[PDB]
Amino acid sequence: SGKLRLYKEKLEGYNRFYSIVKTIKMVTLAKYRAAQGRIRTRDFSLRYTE
Amino acid sequence: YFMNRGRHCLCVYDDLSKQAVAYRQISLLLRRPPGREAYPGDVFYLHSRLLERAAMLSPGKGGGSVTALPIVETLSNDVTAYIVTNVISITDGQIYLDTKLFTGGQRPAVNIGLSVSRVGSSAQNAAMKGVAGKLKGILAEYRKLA
Amino acid sequence: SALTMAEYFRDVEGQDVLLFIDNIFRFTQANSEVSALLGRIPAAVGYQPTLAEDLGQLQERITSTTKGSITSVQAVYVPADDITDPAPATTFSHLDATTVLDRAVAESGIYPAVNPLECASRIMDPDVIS
Amino acid sequence: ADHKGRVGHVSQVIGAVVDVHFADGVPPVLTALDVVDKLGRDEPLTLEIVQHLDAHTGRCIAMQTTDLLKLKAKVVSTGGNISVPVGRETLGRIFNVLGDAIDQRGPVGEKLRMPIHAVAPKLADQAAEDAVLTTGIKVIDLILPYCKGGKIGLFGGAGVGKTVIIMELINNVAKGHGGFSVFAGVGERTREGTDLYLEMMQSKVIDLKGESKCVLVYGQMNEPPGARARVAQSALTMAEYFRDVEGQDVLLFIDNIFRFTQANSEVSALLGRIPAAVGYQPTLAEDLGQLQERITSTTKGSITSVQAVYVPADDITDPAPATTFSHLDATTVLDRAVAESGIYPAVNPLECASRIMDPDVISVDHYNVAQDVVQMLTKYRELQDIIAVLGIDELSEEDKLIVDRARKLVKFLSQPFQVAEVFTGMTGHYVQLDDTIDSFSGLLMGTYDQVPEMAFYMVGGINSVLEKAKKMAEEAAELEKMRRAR
Amino acid sequence: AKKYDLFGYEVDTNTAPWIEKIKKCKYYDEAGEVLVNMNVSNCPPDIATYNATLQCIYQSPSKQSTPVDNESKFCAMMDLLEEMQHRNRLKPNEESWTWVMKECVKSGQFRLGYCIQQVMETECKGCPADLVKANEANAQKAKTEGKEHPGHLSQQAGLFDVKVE
């Protein structure tokens, strides 16, 4: 019927949304890790600024 | 006829979707107990005894065979229909065709994700089997990366 | 009756005739309405059990033969936009070119509200068209 | 008994439903009738009485095609319900609903027969206490142990070595408990039946020239629904004979239990009964009850049934699987992902379940070890997610040890089956229950923190782990010594 | 001595009458009928039967009385070899490859002759000298006329000169 197909389409859209958000998570984690290098190189530039 | 004489045959049904409707019409017009989607209780038996006649005879009976290629039409990619489920539960795998792939350019629009062959590599030639052994892995990795 | 007139023009007159039918769904609806009183058990959704054959007999008469040609244009009604309904679903196989209209397209101001991703044509082949 | 050979005549034929009129009175319901007129049929026709229409007319369901069947055709009662051969002569043979050898391997030569329909054991026949069924498989014996007389739901379709596990169970139950097995194919593909028969003959579980330890009862799809609804009962009767007369711990495999429900639903639909919700027969609960209740552990023996469950449309709330789960005592889930990782048997330990996982039934040490393993596996999944997010080096010292132990456990749950010796080429292992408990308890504490991870891959017991570790160390030493030379 | 099928049923090992029947066939397609008939009779072909079939294919006038489009004796024999090797577990001996090489040299296909020569060297432990010499003679004859390859292949064609029809 239509209502059954309505729920099927809604579930498919949610699955697409979940996949896109997962890709966003992966991309953000890539930059989190990529710009995680700052942690090693911080906490020494601002010494006489204190 | 060719199977029982050591020869190989290929039968194509285009399509079992309409045969089920015809059988339902015949049953309903003869006042038989309807079932799910108004189909009688013998629809599964009908399709099973149809498809079960396609076999691969042993070498002691000539070695003939019949390969069945039933075709089924799904509405809005609904594989939950009564007839579709019955045919899927009987055949040895399926070749699912996706509308989006067909319109996107992929032709034949075989959806490898939803397609399956329960026979497996046993139905492949030595060279084809060797190539497929690595092609399947490469395609799976490509899909995962994509 | 209309198809009989068209068939006469095709055969006896040997002319190329156009046949516009609007709406072909009402034929199925009328048959379903009368089916209940004829002692026939309803099929799924609630159409008559002879939905496929009744439509097929009429559709096979609407064709171009070696004597003449009939260019038939039929308007199909999809109840509640449910394209999976048995009556609309049974008519797709009886056509050479299907034009599927969508309400979403119409609501966006696009007319004709044709959904090109759901339409199909038989002559959409390089051999027939350029 | 008084209706043996009673004569009747066919009064109506509507598809697979045939009505027979008896001048002396219809025999009792569930009585088998034989159509004496084989004018043009290529097979014998047998009818089962399912209902009584009047004092003389009775409705029946045909077990074969009703083609070339005329009205007033002579029918003779068989004297009772369908009879199936039971005994030690049925081992290694293929039967049908009617108990006829379809393997074309000579006469069965049975000494006794039993009716298909038998009342379930009384409340006084139930076992005094629940007992574990040592299957010989580390994963099953530890995380989801089976109980004598219980029903196990085997999930996961083909491609996960389901048949291999079935053959291993058939071999192990006979090796350890000395009990036979009966396989029932309900609505099964004929090709898959041939494949299973060939595999069993190849693994010597069905020795044509020796002694077999399995009985095959096949009701195929091409057969009418009247046979697919009784093949399971025929196999169950065969198992009941061994359970009672010989007092053994028998196995009963059903492939599938959903096909049984589908066949019964079709049979009910043919009779004209109003289907219940979804569309299953109104007697769905009773149909499954009359079958499952016969599978239990009595005071004489036991019958543990491993039934392959199918969920229609992936809906776990569907009446068929929902009603089936009310009778299952365990659940063995098979996943393709586990198989693709090289773990065999491909069992998802965290997805399985069992009701005897309680100190009141199993030993307290067994329960504690199983719970510890489950907790460690769950924590390992959490740590896998964490490292996938942050990284391995971010884990604390305790987390690193947990990860190492969990990886060893995952590698240690795999096991090579003796059935696969010909193919894999490596000897199989049968691990004792206490051995598995001791090995896992030692591993969890941290005694085996020095053994390499790969030493646990495809091994049985703890001694095998030590032997594999020693062999790996010797191979590494030899390779290093050879390298130093060049 | 006695042989059994996959299900453990004894089969017939007396293929002599069927070999005689094969030797009577005129068109080698009829030889396929004898193989089918003996298969139904529960008498699986032996290595001798396949050699007789190959000899019939080599010595027959054509596939059938009526000409068949794209018919090839080499393809039929190779298909038979593949059947007996993969679906019957029978290793072709020197005689089978000898028949294949004889057909290749007789048909003028000197490149398939090279492939069969290599196959025989790797497996048969040596190809007959006469067949190799005949194949080399055919290759030289083709080379002198300049028909090493089809003419249309040697013609230069640019990016836009390729007619894909």
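Determination of this PDB entry was carried out by cryo-EM to a resolution of 3.2 Å, according to the record.

### Examining the overall build of chain B
For chain B, the count of helices and strands is 5 helices and 2 strands. Counting from the amino terminus, chain B carries its helices and strands in the arrangement β-α-α-β-α-α-α. Taking 2.2 N^0.38 as the reference for a compact globule, 146 residues should give roughly 15 Å; the C-alpha atoms of chain B span a radius of gyration of 19 Å, well beyond that estimate. The C-alpha extent of chain B, read off along each of the three principal axes, is 55 × 45 × 20 Å. Per-residue burial over chain B gives 32% buried out of 146 residues. Counting contacts in chain B only where the partners sit at least 6 residues apart, residues at least 24 apart contribute 54% of the total.

### Re the overall build of chain C
Of regular secondary structure, chain C possesses 5 helices and 4 strands. When its helices and strands are written in sequence order, chain C yields α-β-α-α-β-α-β-α-β. Taken across its 130 residues, chain C has 29% of its residues classed as buried. Once local pairs closer than 6 in sequence are excluded, the contacts in chain C between residues at least 24 apart make up 56%. Of the accessible surface of chain C, which amounts to about 8400 Å², a share of 56% is contributed by carbon and sulfur atoms. In chain C, which carries 7 positive and 18 negative side-chain charges, the distance between the mean positions of the two groups comes to 7 Å.

### Description of the pattern of salt bridges
In total, this model carries 26 salt bridges over all chains according to the counting rule given. Residue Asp15 of chain B pairs with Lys18 of chain B through a salt bridge whose shortest N-O separation is 3.3 Å. Under the relative-accessibility criterion, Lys18 of chain B is labelled partly exposed at 43%. Residues joined by salt bridges that share partners form a network here, namely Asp92 and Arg118 of chain B together with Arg189, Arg191, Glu192 and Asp195 of chain D.

### Describing helix α1 (residues 2-11) of chain C
Residues and elements named next belong to chain C. For α1, every residue scored as buried is listed here: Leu3, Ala6, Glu7 and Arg10. The buried residues of α1 occupy an angular sector of 100° when projected down its axis, which confines them to one face. Along its buried surface, α1 packs onto β1 (16-22), α3 (51-61) and β2 (69-75).

### Some words on the pairing of strand β13 (residues 181-188) of chain D
All names here are of chain D. Most of β13 is tucked away: 8 of the 8 residues are buried. Across 5 bridges, the pairing between β13 and strand β15 (residues 249-255) is parallel. Looking at the pairing, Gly185 lines up with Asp255 of β15. Across 6 bridges, β13 lies against strand β14 (residues 215-220) in parallel orientation.

### Considerations on the arrangement of the chains
Counting contacts across all 7 pairs of chains that touch, the top-ranked interface belongs to chains B and D. When C-alpha atoms are compared, chain A and chain E, though not in contact, are closest at a spacing of 41 Å. Separated without contact, chain C and chain E have their nearest C-alpha atoms at a distance of 12 Å.

### Let's talk about helix α1 (residues 16-24) of chain E
All names here are of chain E. Taken together, the buried positions of α1 are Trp18, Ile19 and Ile22. The buried residues of α1 occupy an angular sector of 105° when projected down its axis, which confines them to one face. The exposed set on the far side of α1, more than 90 degrees from its buried face, consists of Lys23 and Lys24. Those residues of α1 hidden inside the fold are in contact with α2 (28-40) and α3 (47-59).

### Examining the nonpolar core
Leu216 and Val373 of chain D are the most contacted members of the largest nonpolar core, which totals 104 residues. With 8 residues, helix α5 (residues 231-245) of chain D is the largest single contributor of residues to this core. Setting aside chain neighbours within four positions, we find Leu216 of chain D in contact with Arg93, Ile94, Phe95, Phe183, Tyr197, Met200 and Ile206 of chain D. Counting residues in each nonpolar core, the second largest holds 35 residues, with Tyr28, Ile57, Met77 and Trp97 of chain E among its members.

### A word on a nonpolar patch on the surface
Judged by side-chain polarity, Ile95, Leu97, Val110, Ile112, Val131, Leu135, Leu139 and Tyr142 of chain B come together as a nonpolar surface patch covering roughly 780 Å² of accessible area. Position of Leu135 of chain B among the secondary structure elements: in helix α5 (residues 126-145).

### Section: the sheet that holds strand β3 (residues 32-35) of chain D
Residues and elements named next belong to chain D. Pairing is antiparallel around the closed barrel formed by 6 strands, whose spatial order is β1-β2-β5-β4-β3-β6. The mean inter-strand angle of the sheet, taken between neighbouring strand axes irrespective of direction, is 45°. The pairing of strand β1 (residues 7-14) with strand β2 (residues 17-22) spans 6 bridges and is antiparallel. Paired with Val13 across the strands is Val18, a residue of β2. The strands touched by helix α6 (residues 257-271) within the sheet are β2, β4 (46-52) and β5 (57-62), with β5 carrying the most contacts at an inclination of about 145°.

### Comments concerning the packing of α3 of chain E against helix α4 (residues 73-86) of chain E
Residues and elements named next belong to chain E. Remark: α3 packs on α4, axes separated minimally by 10 Å, with the N-to-C direction vectors making an angle of 175°. With respect to α4, the element α3 is oriented roughly antiparallel. Mapping the contact onto sequence places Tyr50, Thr53, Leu54, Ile57 and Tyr58 in α3 and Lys73, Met77, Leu80, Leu81, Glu83 and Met84 in α4. Among the residues making up the contact of α3 with α4, the classes are represented as 8 nonpolar, 1 polar and 2 charged.

### Brief notes about the interface of chain B and chain D
Between chain B and chain D, the contact holds 17 residues from the first and 20 residues from the second. In total, about 1700 Å² of surface goes out of reach between chain B and chain D, with carbon and sulfur atoms giving 51% of it. It is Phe44, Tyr45 and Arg118 of chain B in chain B that bury the most area against chain D; as a group they hold 33% of the surface buried on that side. Applying the counting criterion to the chain B and chain D interface returns 3 salt bridges. Linking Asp92 of chain B and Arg189 of chain D is a salt bridge whose minimum nitrogen-to-oxygen distance equals 3.7 Å. Where chain B meets chain D, there are 7 residue pairs in polar contact. Within the residue set of the side of chain B that touches chain D, elements represented by two or more residues are α2 (43-51) and α3 (82-90) of chain B. With 4 residues, α2 of chain B is the single largest residue contributor to the side of chain B that touches chain D. In the side of chain B that touches chain D, the residues fall into 6 nonpolar, 5 polar and 6 charged.

### A short note on the side chain of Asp141 of chain D
Residue and element names in this part refer to chain D. Following the sequence through the fold, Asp141 ends up in helix α1 (residues 138-142). Among buried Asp, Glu, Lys and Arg side chains, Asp141 stands out as unpaired, with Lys138 the closest opposite charge at 11 Å. Each residue touching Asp141, except ones within four places of it in the same chain, is listed here: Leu133, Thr134, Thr135, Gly136, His366, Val431 and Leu433.

### Some thoughts on the sheet that holds strand β12 (residues 151-155) of chain D
Residues and elements named next belong to chain D. Across the sheet, 8 strands lie side by side as β8-β14-β13-β15-β16-β12-β17-β18; this open sheet has mixed pairing. Each of the sheet's edge strands pairs with one partner strand only, and the pair in question is β8 (94-95) and β18 (353-354). Two elements, β12 and strand β16 (residues 302-308), share 4 bridges in a ladder whose sense is parallel. Considered in β16, the bridge of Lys151 is made with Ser305. Packed on one face of the sheet, helix α3 (residues 190-202) meets β8, β13 and β14 and runs near 170° to β14. Contacting β13, β15 and β16, α6 crosses the sheet at an angle of about 50° to β13.

### What to know about the state of the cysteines
Working definition: the covalent bond between the sulfur atoms of two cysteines is a disulfide. Residue and element names in this part refer to chain B. Under the counting rule described, the total for this entry stands at 0 disulfides over all chains. You can see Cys9 has no disulfide; the closest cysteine sulfur is in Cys11, sitting 3.8 Å from it. For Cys9, a relative accessible area of 25% gives the class partly exposed. Residue classification places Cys11 among the partly exposed positions, given a relative accessible area of 25%.

### Considerations on the environment of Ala277 of chain D
Among the secondary structure elements, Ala277 of chain D is positioned in the loop between α6 and α7 (284-292). Distance in space between the C-alpha atoms of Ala277 of chain D and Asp318 of chain D is 9.8 Å, their sequence separation being 41 residues.

Definitions and limits used
- Residues numbered from 1 in each chain as written, not as in the entry; some residues may be left out.
- Chains lettered and ligands numbered in written order.
- Part of a larger assembly, values for the part shown.
- Heavy atoms only, no water.
- Helix = DSSP H or I, 4+ residues; strand = E, 2+ residues; numbered from the N terminus.
- Rg over C-alpha atoms; globule rule 2.2 N^0.38 Å.
- Buried < 20%, exposed > 50% of the residue type's maximum accessible area, 1.4 Å probe, protein only.
- Contact = heavy atoms within 4.5 Å.
- Areas by Shrake-Rupley, 256 points an atom, 1.4 Å probe, with all protein chains shown as cover.
- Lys, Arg positive; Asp, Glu negative; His and termini not counted.
- Charge placed at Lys NZ, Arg CZ, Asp CG, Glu CD.
- Salt bridge = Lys/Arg side-chain N within 4 Å of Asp/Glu carboxyl O.
- Arc of directions from axis to C-beta.
- Pairing = 2+ DSSP bridges.
- Core = buried A, V, L, I, M, F, W, Y, C linked by side-chain atoms within 4.5 Å.
- Patch = residues over 30% accessible without salt bridge, like charges linked within 9 Å, V, L, I, M, F, W, Y side chains within 5 Å.
- Axes fitted to C-alpha atoms, helices over the stretch in contact; angles between N-to-C directions.
- Parallel < 35°, antiparallel > 145°, perpendicular 65-115°, else oblique.
- Nonpolar A, V, L, I, M, F, W, Y, C, P; charged D, E, K, R; others polar.
- Buried area = accessible area lost by both parts, 1.4 Å probe.
- Polar contact = N/O pair within 3.5 Å; in protein donor to acceptor, adjacent residues only side chain to side chain.
- Disulfide = S-S within 2.5 Å.

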